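Right, one structure below, let's go through it.
So you know, we letter chains A, B, ... as the sequences are listed, proteins then strands, and number each from 1.
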Amino acid sequence: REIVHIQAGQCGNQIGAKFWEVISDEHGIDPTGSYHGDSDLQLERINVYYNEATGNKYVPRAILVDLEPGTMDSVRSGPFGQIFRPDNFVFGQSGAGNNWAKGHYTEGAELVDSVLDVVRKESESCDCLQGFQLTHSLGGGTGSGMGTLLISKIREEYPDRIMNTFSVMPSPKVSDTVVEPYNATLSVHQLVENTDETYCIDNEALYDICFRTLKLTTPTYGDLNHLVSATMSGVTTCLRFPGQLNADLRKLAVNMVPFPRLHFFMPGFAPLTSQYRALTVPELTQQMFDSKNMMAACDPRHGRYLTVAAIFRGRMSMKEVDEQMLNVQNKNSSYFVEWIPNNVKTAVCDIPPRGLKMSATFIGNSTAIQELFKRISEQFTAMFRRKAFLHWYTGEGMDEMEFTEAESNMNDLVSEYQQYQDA
Amino acid sequence: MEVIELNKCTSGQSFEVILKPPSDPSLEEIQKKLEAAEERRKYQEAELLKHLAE
Amino acid sequence: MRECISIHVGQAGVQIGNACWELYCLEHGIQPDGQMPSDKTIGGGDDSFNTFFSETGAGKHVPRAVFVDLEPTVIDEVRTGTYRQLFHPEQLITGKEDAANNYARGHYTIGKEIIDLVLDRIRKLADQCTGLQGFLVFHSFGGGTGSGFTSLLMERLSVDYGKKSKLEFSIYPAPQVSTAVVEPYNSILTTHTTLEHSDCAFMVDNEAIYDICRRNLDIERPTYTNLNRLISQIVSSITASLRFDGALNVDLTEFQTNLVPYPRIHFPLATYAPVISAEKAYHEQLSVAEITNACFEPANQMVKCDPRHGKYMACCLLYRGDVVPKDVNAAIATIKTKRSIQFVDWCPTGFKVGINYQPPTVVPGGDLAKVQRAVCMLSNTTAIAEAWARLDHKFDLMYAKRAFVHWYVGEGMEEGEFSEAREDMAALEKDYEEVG
Amino acid sequence: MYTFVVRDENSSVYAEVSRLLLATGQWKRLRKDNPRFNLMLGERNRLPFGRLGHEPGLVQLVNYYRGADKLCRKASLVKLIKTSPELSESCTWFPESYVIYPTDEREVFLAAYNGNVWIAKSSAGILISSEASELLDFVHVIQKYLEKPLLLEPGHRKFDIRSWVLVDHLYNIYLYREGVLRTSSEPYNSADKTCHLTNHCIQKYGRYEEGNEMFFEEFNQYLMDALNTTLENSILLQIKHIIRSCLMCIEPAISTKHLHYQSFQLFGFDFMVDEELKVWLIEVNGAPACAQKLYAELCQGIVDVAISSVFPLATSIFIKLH
Ligand SMILES: Nc1nc2c(ncn2[C@@H]2O[C@H](COP(=O)(O)OP(=O)(O)OP(=O)(O)O)[C@@H](O)[C@H]2O)c(=O)[nH]1
Ligand SMILES: Nc1ncnc2c1ncn2[C@@H]1O[C@H](COP(=O)(O)OP(=O)(O)CP(=O)(O)O)[C@@H](O)[C@H]1O
Ligand SMILES: Nc1cc(C(F)(F)F)c(-c2cc(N3CCOCC3)nc(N3CCOCC3)n2)cn1
Ligand SMILES: Nc1nc2c(ncn2[C@@H]2O[C@H](COP(=O)(O)OP(=O)(O)O)[C@@H](O)[C@H]2O)c(=O)[nH]1
Ligand SMILES: [Ca+2]
Ligand SMILES: [Ca+2]
Ligand SMILES: [Mg+2]
Ligand SMILES: [Mg+2]
Ligand SMILES: [Mg+2]
């Protein structure tokens with residue numbers, strides 16, 4: 001049950017590269033694609049993310065996409081850079097100028113067919129493809145505009161497959177250009193329609209975690225990406241390792257998404273330490289439900305959980321885990337909807353991440369995520385009411401009506417979350 | 001309390017104790033329902049592809 | 001001699017089937033390679049164990065069994081495991097991708113494409129029967145395949161084998177052992193569609209098995225292996241009458257005659273005792289009176305409910321080991337004066353008793369201690385309706401908001417099937433109420 | 001902390017219990033339909049006992065015993081006493097009673113009938129008569145009316161005694177040390193419902209004791225002054241005997257020992273005393289109210305004995321009947 005991974009644009013490729021570093025290390029794959037692990041658990045489900053080539057070589061089922069060569073040259077020169085299939089680097093030269101229209105309609109449209117050629121070749125050598133995961137940001141041009149164009153084309157060619165994204169949401173605190181709210185608003189509408197699960201990663205929350213909790217005076221994008229790659233490893237654990245769970249992409253979406261448009265998840269991770277100290281189960285459980293450990297800058301106490309997955313990694317007492325999960329649900333009794341019985345799942349995997357004896361990953365489908373879309377909507381409207389910076393988009397053939405519709409659609413999404421928060 | 005119907009073999013025995021006395025869809029229809037669901041899936045997919053074509 | 005065909009559907013059905021056939025082989029002296037030295041008739045026969053096992057000319061005893069699952073990982077363990085040589089490859093059927101915890105996907109989308117293959121493989125087993133009795137069907141309520149494909153299969157079995165009995169062993173969902181959030185939906189949908197096709201169904205609540213493993217086996221965190229080896233003991237005691245010489249419950253029809261006076265109300269409660277830890281250093285053996293008394297303790301039931309607040313329609317006691325009728329009757333006498341046992345007015349207040357002198361077999365290296373005597377009580381009591389009420393309430397909570405319904409409509413199921421199935425369950429709950 | 005739900009808004013006792021729980025700071029009240037509670041203060045009718053005790057890792061306790069209605073309905077009580085061998089048709093402390101439908105006992109009542117005053121009543125409507133035909137013309141119970149009650153002086157007036165009994169989850173039987181006499185203000189006339197029915201509403205008067213309620217200290221002092229005996233000796237021994245007999249009779253049917261959820265329940269036993277100082281059981285109430293001045297004490301006792309015993313917090317007012 002193979003998964004095809006796609007990483008698009010600068011953010012998408014830098015976070016994607018770290019993800020492949022982390023899980024190659026977990027599966028025992030060295031920078032040359034040779035396996036040197038010591039546990040058969042590492043190979044049991046290796047084909048979910050890796051093809052097997054002769055010579056005992058494992059090659060990520062990964063497609064690297066960008067409209068300029070720079071970031072993918074850095075990937076190819078990076079650690080584990082030689083592990084990727086050279087044919088799977090698909091790139092242009094023009095760039096997308098942080099412009100959703102260039103990614104979606106002009107520059108990106110010139111390149112998308114060759115990306116689909118690589119997707120098709122990867123899918124054709126799948127015994128039984130589960131679906132796709134895309135890593136990208138929403139605030140630039142290639143990941144945002146060409147990324148969502150890609151999702152639309154993949155849906156057209158594979159309408160019965162699952163599509164997941166790890167989507168980095170822009171924040172003025174960690175911003176490259178002023179047009180990020182435009183690019184994000186245009187993309188969010190695409191994601192509402194064309195993904196089954198979107199992990200919402202807010203650069204504001206990542207920065208605040210690095211500065212306030214990790215005691216990093218000057219966080220870099222690399223520091224932010226350490227947190228993301230750790231979270232992506234934790235959320236895919238149940239696909240990658242022979243869990244008793246027997247989970248695939250569709251089962252995850254069925255259990256997490258009660259209404260088709262409400263599929264935007266707040267992820268979280270624990271521990272986050274500024275260390276050799278042993279973490280007890282009560283500490284792990286308390287931290288993973290703490291707003292300060294969550295990676296969308298939304299307060300869960302401002303909304304209600306529809307569904308929650310909590311994934312524990314390492315050797316620990318299951319009985320202690322259950323006692324803490326019950327205790328934390330008591331402390332948050334007001335914050336779980338009561339019309340979805342038993343909507344908090346506990347999963348456990350024996351293999352711990354590197355450098356930790358135990359950890360926990362949190363995935364919440366919370367109505368508080370509406371705060372994230374409200375922030376974007378506000379920043380969008382402050383500029384759009386004066387039509388500021390629009391010429392960059394109308395110069396690529398877009399009309400103002402398409403902005404009005406995208407804003408209306410996101411405000412609708414906010415209304416739907418509020419509807420179920422008060423149910 | 002009366003014991004009745006006591007049967008014995010080399011493997012075991014059985015009996016009854018009384019404490020007190022008292023006081024489909026056809027093949028064609030299944031095929032039809034399966035085909036109706038398939039057609040609804042086909043209609044929903046055709047609406048999707050029309051939407052993507054727009 | 002009349003053959004029985006076992007059909008195991010989805011992960012729970014298959015893994016429980018593995019545990020059962022392992023135990024059967026130990027009870028009958030069949031080695032994992034299929035050889036059975038005690039069987040002096042080579043290549044055939046009509047002994048009682050032949051109801052469950054056919055024979056090849058080479059002396060191999062082959063289960064009359066089909067394993068079906070929509071993804072291959074569970075059945076692949078059968079194909080490579082200890083008892084791999086026992087089954088013919090045609091008996092192990094796998095698809096490519098599963099039903100994703102979705103009744104509609106198992107019933108309509110994927111079921112439509114594999115049902116004809118499954119029936120062909122069953123027909124091949126049926127063709128080797130001289131007098132097929134019918135089917136024993138193992139499955140979960142909660143899984144997409146166990147709920148959705150099973151109900152499709154039961155419908156087609158009623159078409160293709162109209163005069164044959166069909167018994168179910170059904171795993172009822174409990175959040176303590178990994179459930180999907182939509183398992184109440186799947187359970188109601190499959191019960192509605194299967195109700196008229198099943199003659200007698202034994203529900204096993206994973207919550208009860210889980211708690212028995214915690215309390216009596218002192219297992220902190222029961223695994224599926226722990227659960228299934230206990231379930232297989234109970235299944236074996238229920239089916240022992242079909243596989244050994246005897247006069248009680250000797251064919252599938254007798255289960256209906258003895259346990260089910262009303263067709264829709266066909267869910268007998270199973271209670272089992274004793275369950276004793278094999279790691280227990282010092283253990284005193286329990287008498288006939290003590291194990292019979294334990295049959296009226298909710299803590300030993302396969303479904304947690306309170307029979308004191310229902311009425312009995314029928315009651316069967318199935319003993320294994322050192323038990324003679326005189327002790328059974330003495331124990332029953334004492335129990336009647338001390339327990340709230342109320343029968344419906346149109347049924348006799350009585351018990352059908354079966355004794356098999358062979359004590360229960362335990363898997364070497366298992367968690368269950370060998371005991372000198374054990375008993376399984378099968379009682380049709382209205383108290384089991386509590387399990388339906390619990391499930392219908394969870395269904396109602398979610399369906400009022402239409403939560404997760406789009407996953408089912410997306411597979412071509414109509415929304416009206418939800419309320420149709422729920423209304424059938426409402427009438428079922430009312431039926432129990434009128435009787436009780 | 002601990003969690004509870006309230007499903008009977010009309011209960012004075014448990015509104016006070018809920019008040020105390022919240023005032024401990026270690027209990028949180030949830031919405032009525034939240035399944036993740038430790039403690040259910042349930043509705044009087046159709047309480048969903050079948051949904052209790054199935055929440056992973058939650059100890060669940062409810063303030064009603066499933067099956068206790070057998071004791072707390074009039075026809076049920078008659079049937080239980082007649083058909084239970086530990087109580088017997090020869091039961092000496094329960095007035096001769098017959099169940100009559102408008103299983104039926106019309107003929108045996110007519111036989112015994114053939115002092116002949118009976119009272120017809122139901123838990124669903126009260127007629128005291130000396131003639132058999134009038135009662136039948138009027139599920140009901142016909143009970144021998146106690147023609148010679150003990151009459152308080154001055155006033156020549158009837159009364160009944162209410163005892164409060166708490167049965168906890170271990171089936172310990174606790175008799176609250178304070179009972180109430182509910183008196184008639186009118187003089188007793190054996191030759192008008194007000195002098196024959198002691199109910200508070202029917203009387204509501206106040207002339208001899210406030211709200212027609214006399215408590216045990218005054219009643220015991222009266223028994224000493226007028227009859228040279230005590231409340232414990234002449235009456236309370238019989239009351240404790242009757243309470244224990246009733247509750248032990250149904251214990252195997254209702255006990256929650258070895259059940260997946262636990263029950264406790266507060267009961268209201270009502271007694272009559274005749275002029276020979278013999279005590280008669282009249283009825284058992286399954287959802288009693290309390291006397292206004294005793295609410296504080298008994299409700300705190302319920303929290304100490306029935307709730308905190310299962311859910312511990314970070315002299316006894318009860319007599320333990322054993
Ligand atoms: N006792 C027991 N219960 C099981 C076992 N396997 C799964 N379950 C229960 O079965 C239900 C889940 O259904 P499964 O049988 O795994 O699903 P399936 O039939 O394979 O259907 P899909 O995987 O959705 O296609 C849950 O309630 C599980 O707890 C098992 O081996 N033993
Ligand atoms: N057999 C009997 N002999 C004499 N008096 C009787 C009697 N049965 C009932 N009574 C009188 O009738 C009054 C009310 O009768 P009953 O006990 O049936 O009403 P009730 O108990 O349902 C209201 P509550 O639940 O508050 O007690 C009692 O106070 C008692 O004085
Ligand atoms: N990344 C993940 C991981 C899991 C992970 F748990 F599998 F790891 C789940 C998840 C959640 C969940 N629930 C969400 C909250 O409501 C209850 C169900 N149930 C399940 N499964 C149940 C059925 O078997 C397969 C896994 N998985 C979701 N996303
Ligand atoms: N977390 C994280 N965010 C990034 C990274 N690089 C860029 N961003 C954010 O991504 C957005 C800019 O998009 P980018 O990927 O650089 O543009 P693209 O190449 O056109 O897709 C802004 O919101 C940046 O804050 C990164 O490496 N990590
Ligand atoms: Ca160009
Ligand atoms: Ca033979
Ligand atoms: Mg950039
Ligand atoms: Mg499965
Ligand atoms: Mg009353």
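For the pair C:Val235 and C:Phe202, the minimum side-chain heavy-atom distance is 4.5 Å or more. Side-chain contact check for C:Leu157 versus C:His197: every heavy-atom pair is 4.5 Å or farther apart. Considering only heavy atoms from C-beta on, C:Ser165 stays 4.5 Å or farther from C:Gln256 through its side chain. Here the side chains of C:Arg156 and B:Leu27 are in contact, with some heavy-atom distance below 4.5 Å. Between C:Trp346 and C:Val435, some side-chain heavy-atom pair lies under the 4.5 Å cut-off. Contact of the C:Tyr224 side chain with the C:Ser178 side chain is registered, since non-hydrogen atoms from C-beta on lie closer than 4.5 Å.
Listed by chain and residue number, nothing satisfies the side chain to side chain donor-acceptor pair (under 3.5 Å) test with D:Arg31 (two or more places apart in sequence, or in another chain). Take C:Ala99 and apply the side-chain contact (heavy atoms from CB on, under 4.5 Å) test, not counting sequence neighbours, and it matches C:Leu70, C:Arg105, C:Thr145. In this structure, the side-chain contact (heavy atoms from CB on, under 4.5 Å) partners of C:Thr190, at least two apart in sequence or on a different chain, are C:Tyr103, C:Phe141, C:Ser147, C:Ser151, C:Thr194. Residues forming a side-chain contact (heavy atoms from CB on, under 4.5 Å) with C:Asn258 (at least two apart in sequence, or on another chain): C:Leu248, C:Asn249, C:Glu254, C:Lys352.
Ring centroid separation for the pair C:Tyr399 and C:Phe418 comes in under the 6.0 Å cut-off.
Between C:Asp396 and the choices C:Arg422, C:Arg402, C:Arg390, the salt bridge (charged side-chain N to carboxylate O under 4.0 Å, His left out) rule is met once, by C:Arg422.
In this structure a side-chain-to-backbone donor-acceptor pair under 3.5 Å is present from C:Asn102 to C:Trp407. In this structure a side-chain-to-backbone donor-acceptor pair under 3.5 Å is present from C:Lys164 to C:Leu132. Remark: the backbone N or O of D:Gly42 is paired with a side-chain donor or acceptor of D:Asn63 at under 3.5 angstrom. Counting only distance, with no hydrogens or angles, the side chain of D:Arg36 and the backbone of D:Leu58 share no donor-acceptor pair below 3.5 Å. Proximity of a side-chain donor or acceptor of D:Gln60 to a complementary backbone N or O of D:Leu52 within less than 3.5 Å is not detected. Checking side-chain atoms of C:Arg264 against main-chain N and O of C:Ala427 turns up no donor-acceptor pair under 3.5 Å. Looking at C:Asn380, its side chain does come within 3.5 Å of a backbone N or O of C:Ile265 through a donor-acceptor pair. At least one donor-acceptor pair under 3.5 Å links the side chain of A:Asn343 to the backbone N or O of A:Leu306. Put simply, the side chain of C:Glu297 never gets that close to the backbone of C:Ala294: no donor and acceptor are under 3.5 Å apart. With hydrogens and angles disregarded, a donor-acceptor distance shorter than 3.5 Å links the side chain of C:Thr150 to the backbone of C:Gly146.
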Working for side-chain contact (heavy atoms from CB on, under 4.5 Å), residues C:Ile234 and C:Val204: CA-CA 10 Å; C:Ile234 290 131; C:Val204 177; 5.7 Å; no

Just do the salt bridge (charged side-chain N to carboxylate O under 4.0 Å, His left out) check on C:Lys394 and C:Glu183 with the steps written out, would you? CA-CA 9 Å; C:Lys394 288 180 179 181; C:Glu183 297 200 21; over 6 Å; no

Could you check B:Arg40 against C:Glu414 for side-chain contact (heavy atoms from CB on, under 4.5 Å), going step by step and ending with a plain yes or no? CA-CA 9 Å; B:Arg40 285 183 300 266; C:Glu414 298 184 335; 3.1 Å; yes

Using the side-chain contact (heavy atoms from CB on, under 4.5 Å) rule, take B:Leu19 and C:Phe351 through it: C-alpha gap first, then chi angles, then the decisive distance, then the call. CA-CA 8 Å; B:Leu19 284 55; C:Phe351 305 82; 4.0 Å; yes

Test salt bridge (charged side-chain N to carboxylate O under 4.0 Å, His left out) on C:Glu386 and D:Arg66; report intermediate values, then the result. CA-CA 13 Å; C:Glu386 292 172 40; D:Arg66 190 187 192 182; 3.1 Å; yes

Checking side-chain contact (heavy atoms from CB on, under 4.5 Å) for the pair A:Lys345/C:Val181: CA distance, chi angles, key distance, verdict? CA-CA 9 Å; A:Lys345 197 81 191 326; C:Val181 74; over 6 Å; no

Pairs under 3.5 angstrom only: tabulate donor-acceptor contacts from the side chains of residues 6-14 of chain C to other protein residues two or more places apart or in another chain.
unit_1, atom_1, unit_2, atom_2, d
C:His8, ND1, C:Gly13, O, 3.4
C:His8, NE2, C:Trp21, NE1, 3.2
C:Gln11, OE1, A:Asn246, ND2, 2.9

Run the side-chain donor-acceptor check on residues 254-261 of chain D: report pairs under 3.5 Å with partners two or more places apart or on a different chain.
unit_1, atom_1, unit_2, atom_2, d
D:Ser255, OG, D:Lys257, N, 3.2
D:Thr256, OG1, D:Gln262, OE1, 2.9
D:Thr256, OG1, D:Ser263, N, 3.2

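Using cut-offs of 30° and 60° on the angle between ring planes, the pair C:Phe169 and C:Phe138 is parallel.
A salt bridge does not link C:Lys112 with B:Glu39: none of the charged nitrogens is closer than 4.0 Å to a carboxylate oxygen.
With hydrogens and angles left out, the side-chain atoms of C:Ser158 and C:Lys166 include a donor and acceptor closer than 3.5 Å. For the residue pair C:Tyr408 / C:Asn186, a side-chain donor-acceptor distance below 3.5 Å is found, with atom types taken as modelled. Between the side chains of C:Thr191 and C:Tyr172, no donor-acceptor pair of N or O atoms lies under 3.5 Å. Inspection of the C:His139 and C:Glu168 side chains reveals an N or O donor paired with an N or O acceptor under 3.5 Å.
Going from atom CZ of C:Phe149 over to atom CD1 of C:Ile110 covers 10.5 Å, rounded to the nearest 0.5 Å. C:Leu269 CG to C:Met203 CE: the interatomic distance, rounded to the nearest 0.5 Å, is 8.5 Å.
Taking a 6.0 Å sphere around NZ of C:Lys336, one finds it holds more than 12 heavy atoms contributed by other residues, nucleotides or ligands. Within 6.0 Å of the NZ atom in C:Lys311, the count of heavy atoms belonging to other residues, nucleotides or ligands exceeds 12.
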